[PDB]
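Heads up, the thing below is written out as structure tokens.
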There are 2 protein chains.
Amino acid sequence: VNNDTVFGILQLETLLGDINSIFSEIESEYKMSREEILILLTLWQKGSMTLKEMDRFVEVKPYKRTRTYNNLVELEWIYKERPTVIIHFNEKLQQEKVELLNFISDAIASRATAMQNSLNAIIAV
Amino acid sequence: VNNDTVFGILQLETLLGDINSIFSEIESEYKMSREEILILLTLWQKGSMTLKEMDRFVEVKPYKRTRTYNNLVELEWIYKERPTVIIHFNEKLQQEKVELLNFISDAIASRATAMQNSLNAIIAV
């Protein structure tokens, strides 16, 4: 244990801050909550699924569950199928998906070096 | 353009979770809040300072300020000097400091591979 041990541990908070700044930027630009963004990303990754299934991947507090999905519908990112409720990506926002992904890619790229520097310090503890 | 793009972006949440898990592991073992751990580490990094000075390094919400610093006093990690309040590390706990830093080192090492794998995926976005 030395000065570098304590500095390295403190870089956990640095790295955390960088990640939270990325999310905060996406949230404000797209007027979405953290949960809404994670839902949309998960939908793109895994494809169409029921709300109960999406619950397994993203924590949505019961008090705002219907609000959360309604918000994604009103933004036109998703639509519902009723056979249980199944959500689908609205393929009419394909270009908007590409733009959002590029916005996140740029936000990440701007902090890549700093994030790797922090993690090097963390892992060297 | 696309995928593995979405996967990498989702690893932001994974990496965030890893960091929070490390803090949660420390919190449970040492019966300290996140703020208390950061205060203690900052104290070891920078040395003795006033509460006002510490509050610029670590976010301590005013409603939990008095219990945050009192908890550190009751755990015997620090003591107060009154000229504004100045806090000092209690050097009787030098061995405990070393043990805490080793505990943190182990919690990091436990997740180090996964964390670097997450950051590689993030940076590849």
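Cβ placement follows ideal geometry from the backbone for every residue including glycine, while neighbour counts extend to all protein chains displayed. Derivation of every value follows stated rules applied to the coordinates shown; laboratory data play no part.
May I ask you to list the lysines whose Cα is less than 26 Å away from that of B:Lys97, ignoring any residue fewer than eight positions away on the same chain?
B:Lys31, B:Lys46, B:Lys52, B:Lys61, B:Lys64, B:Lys80
Between the label point of B:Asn2 and that of the same position in each other copy, find the distances and list them shortest first in nm, with every label point placed 7 Å from Cα along the Cα-to-C-beta direction.
Going from nearest to farthest copy, the values are 5.1 nm.
For the peptides A:84-95, B:95-106, what is the packing order when you average, over each peptide's residues, the other Cβ atoms within 10 Å and list the highest mean first?
Result, highest mean first: B:95-106, A:84-95.
Please state, to two decimals, what the Cα-based radius of gyration of chain A comes to when divided by 2.2 N^0.38 Å (N = residues). Could the numbers behind the result be given before it?
Working: Rg = 18.0 Å, N = 125, 2.2 N^0.38 = 13.8 Å.
Taking the Cα Rg and dividing by 2.2 N^0.38 Å, one obtains 1.30.
On average, how much area does the Cα convex hull of the stretch A:85-125 cover when viewed from any direction, in nm²?
On the way: hull surface 19.9 nm².
The number I arrive at for the stretch A:85-125 is 5.0 nm².
Once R0 is set to 25 Å, what does the formula 1/(1 + (r/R0)^6) return for the Cβ-Cβ distance between A:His88 and A:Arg67, expressed as a FRET efficiency to the nearest 0.05?
Values: r = 19 Å, r/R0 = 0.77.
My answer for the efficiency is 0.85.
Using a Förster radius of 22 Å, what is the FRET efficiency between A:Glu59 and A:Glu25 based on their Cβ-Cβ separation? Nearest 0.05, please.
0.55
Between the label point of B:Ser110 and that of the same position in each other copy, find the distances and list them shortest first in nm, with every label point placed 7 Å from Cα along the Cα-to-C-beta direction.
Going from nearest to farthest copy, the values are 3.5 nm.
Peptide A:9-20: average number of partner chain Cβ atoms within 10 Å per residue?
Taking all residues of A:9-20 together, the mean is 6.
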